[PDB]
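K.L.:
Pasting in a structure now, in structure tokens, and then I'll have a few things to ask.
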Amino acid sequence: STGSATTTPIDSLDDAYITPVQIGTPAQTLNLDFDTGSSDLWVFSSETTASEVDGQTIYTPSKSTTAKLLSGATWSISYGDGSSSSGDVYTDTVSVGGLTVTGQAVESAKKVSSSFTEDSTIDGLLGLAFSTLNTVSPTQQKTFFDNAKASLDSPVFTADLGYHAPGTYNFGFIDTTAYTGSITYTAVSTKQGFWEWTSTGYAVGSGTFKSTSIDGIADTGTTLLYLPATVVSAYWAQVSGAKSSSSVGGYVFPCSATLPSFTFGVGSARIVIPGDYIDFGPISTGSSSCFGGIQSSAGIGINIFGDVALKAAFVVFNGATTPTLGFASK
Ligand SMILES: O=C(CCCl)NNC1=[NH+]CCN1
């Protein structure tokens, strides 16, 4: 089997991407944030504290003839941006783009942090890291991809995120029309539960490529690109007027700037992030200072190849017995 679904930016800055997911019988369609940096599928629901719902579509398990409470199971999660949610758990039928998993753990939120409430476009998250990160207790649950893997034509999914435009998530096949050149595959460590790999280096604009190993994770659920302070300093040094702002919480730059591209190494191959991808717009409405799309990972604890990086590429999340990651230009 295979599945294919369109993923759409939630706003003009590509702050996140939502993908329609069918849950339950008859189908309840929620727009979920596909997140390769976590492993819980959780939804706003009829159980979410009423004051914490503001425009989201909710999952009502009592209206699904296939929903079953998973007795005693609870979940609680915090993400790299400080947001969090928690609740109880049902199993139900979940379909993405024609691909169906019966008995998927659907984690029903009782509480969400303010960041989720304030984002009316995201109805929940669909985690696609490794199931060892799943937060359900006392019985850990499998991701959608994990549950679907055996049935898929090939044990893979691909992320093809658009820059200010719709994109595609495919399960079980590689669309050879969706990228240029060849796919370079690189080894993955599952030891932390993430799609963790090692970039071979970087360049800033037309500069010379620096060979240096950068361990990081491929994370569709993070907006920006978080790299070591040395790398990030080298990038923003090429931008007149750019500075790290403690008050704003990161690198900012004059909105009048044209930004240099940023290249990251995948084995012997190169992915080039266009400069425009690194512009995340005014720090506040009307401001002439703009927030940078490349930020320091210091204090985060891990380097994160977020959407800024992943949307410059066609990305293959290969869940074979020995997982690997594939990157192609597009
Ligand atoms: O939580 C992380 C970072 C793990 Cl190091 N990514 N996934 C995610 N989903 C919502 C915001 N962040």
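K.L.:
Within the chain, what percent of beta bridges assigned by DSSP are antiparallel, to the nearest 5? Before the final figure, lay out each step's value.
P.N.:
Numbers: 78 of 91 bridges.
Around 85 percent of the beta bridges assigned by DSSP in the chain are antiparallel ones.
K.L.:
With the cut-off at 1.5 for a/c, could you classify segment 40-83 from its C-alpha gyration tensor as rounded, prolate or oblate?
P.N.:
Numbers: a/c = 2.28, a/b = 1.29, b/c = 1.76.
Oblate shape, in that a/c is at least 1.5 and b/c is the bigger or equal ratio.
K.L.:
Next question. Working out 0.36 nm times the residue gap between residue 50 and residue 165, then minus their Cα-Cα distance, what length gain in nm do you get to one decimal?
P.N.:
Numbers: separation 115, 0.36 × 115 = 41.40 nm, distance 3.26 nm.
Going from the current span to full extension adds 38.1 nm.
K.L.:
On to the next question. For the chain, modelled as a Gaussian network with Cα springs under 10 Å, which listed residue fluctuates most, 158, 65, 93?
P.N.:
The residue with the greatest mean-square fluctuation here is 65.
K.L.:
What distance in nm lies between label points placed 7 Å from Cα along the C-beta direction at residue 69 and residue 247?
P.N.:
The answer from the label model is 5.2 nm.
K.L.:
Take segment 5-174, drop everything but the C-alpha atoms, weight them equally and run the Debye formula without solvent; then report log10 I(q)/I(0) at 0.09, 0.20 Å⁻¹ to two decimals.
P.N.:
Values, matching the q order: -0.26, -1.47.
K.L.:
Taking N as the number of residues in segment 1-87, what is its Cα Rg relative to 2.2 N^0.38 Å?
P.N.:
Ratio of Cα Rg to 2.2 N^0.38 Å: 1.18.
K.L.:
Let me ask something additional. State the answer as a single residue: which of 58, 23, 156 lies farthest towards the positive end of the charge dipole of the chain, with beta carbon charges of +1 for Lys and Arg and -1 for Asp and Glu, about the Cα centre.
P.N.:
Most positive-ward Cα: 156.
K.L.:
Do any of 142/210; 111/142; 110/191; 210/243; 111/311 go past 28 Å between their Cα atoms, and which?
P.N.:
Details: 142/210 39 Å; 111/142 22 Å; 110/191 30 Å; 210/243 22 Å; 111/311 31 Å.
In this structure, 142/210; 110/191; 111/311 lie more than 28 Å apart at Cα.
K.L.:
About the Cα centre of segment 5-174, what is the dipole size in debye to 20, counting +1 per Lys and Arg Cβ and -1 per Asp and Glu Cβ, all else neutral?
P.N.:
Working: 6 positive and 19 negative charges, 139 e Å.
Here the size comes out at about 660 debye.
K.L.:
Please work out the FRET efficiency for the pair residue 62 and residue 132, using the Cβ-Cβ distance as r and a Förster radius of 35 Å; give the result to the nearest 0.05.
P.N.:
Details: r = 31 Å, r/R0 = 0.90.
For residue 62 and residue 132, the calculated efficiency is 0.65.
K.L.:
Restricting to DSSP loop positions (anything but H, G, I, E, B) with no more than 16 other Cβ atoms inside 10 Å of their own Cβ, which trypsin sites (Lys or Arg not before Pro) remain in segment 113-212? Before the final figure, lay out the partial values.
P.N.:
Details: sites: 142, 149, 191, 210; in loops: 142, 191.
Here the sparse-neighbourhood loop sites are 191.
K.L.:
Please work out the C-alpha center-to-center distance from segment 193-260 to segment 60-95 and express it in whole Å.
P.N.:
With segment 193-260 and segment 60-95 each reduced to a Cα centre, they are spaced 35 Å.
K.L.:
For segment 5-174, what is the percent of antiparallel DSSP beta bridges, rounded to the nearest 5? Could the numbers behind the result be given before it?
P.N.:
Details: 38 of 45 bridges.
Around 85 percent antiparallel, to the nearest 5.
K.L.:
What percent antiparallel are the DSSP beta bridges of segment 175-330, to the nearest 5? Mind showing how you got there, number by number?
P.N.:
Details: 34 of 40 bridges.
Just about 85 percent of them are antiparallel.
K.L.:
Ok, one more. Given N residues in segment 175-330, what is Rg(Cα) / (2.2 N^0.38 Å)?
P.N.:
Numbers: Rg = 15.6 Å, N = 156, 2.2 N^0.38 = 15.0 Å.
Taking the Cα Rg and dividing by 2.2 N^0.38 Å, one obtains 1.04.
K.L.:
Could I have the simple spin-label model distance between residue 6 and residue 100, label points 7 Å from Cα toward Cβ, reported in nm to one decimal?
P.N.:
Reported label-point gap for residue 6 and residue 100 is 2.3 nm.
K.L.:
What is the dipole size for segment 175-330, taken about its Cα centre, with +1 at each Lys and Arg Cβ and -1 at each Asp and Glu Cβ, in debye to the nearest 20?
P.N.:
So the dipole magnitude of segment 175-330 works out to roughly 220 debye.
K.L.:
What nm value, rounded to one decimal, do you get for the distance between residue 81 and residue 178 when each label is placed 7 Å out toward the C-beta?
P.N.:
According to this spin-label approximation, the distance is 2.3 nm.
K.L.:
For residue 25 and residue 322 in one chain, what is 0.36 nm times their gap in residues minus the Cα-Cα distance, to one decimal in nm?
P.N.:
Details: separation 297, 0.36 × 297 = 106.92 nm, distance 3.52 nm.
Contour length minus the Cα-Cα distance gives 103.4 nm.
K.L.:
Rounded to the nearest 500, what is the 222 nm mean residue ellipticity of the chain from helices alone, with -39500 (n - 2.57) per DSSP H run of 4+ residues and division by all residues?
P.N.:
Numbers: 4 runs with 22 residues, N = 330.
Taken over the chain, the calculation gives -1500 deg cm²/dmol.
K.L.:
Let me ask another. Give the peptides 54-60, 179-185 in descending order of average Cβ contacts within 10 Å, highest first.
P.N.:
Numbers: 54-60: 17.4, 179-185: 15.3.
Ranked by mean Cβ neighbours within 10 Å, highest first: 54-60, 179-185.
K.L.:
How big is the chain in terms of Cα radius of gyration and Dmax, in angstroms?
P.N.:
Cα radius of gyration and Dmax of the chain are 19.5, 60 Å respectively.
Positions of Cβ are generated from backbone atoms using ideal geometry, with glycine treated the same way; all protein chains shown enter the neighbour counts. Taken together, the values in this text are just the output of simple stated rules run on the coordinates, not laboratory data.
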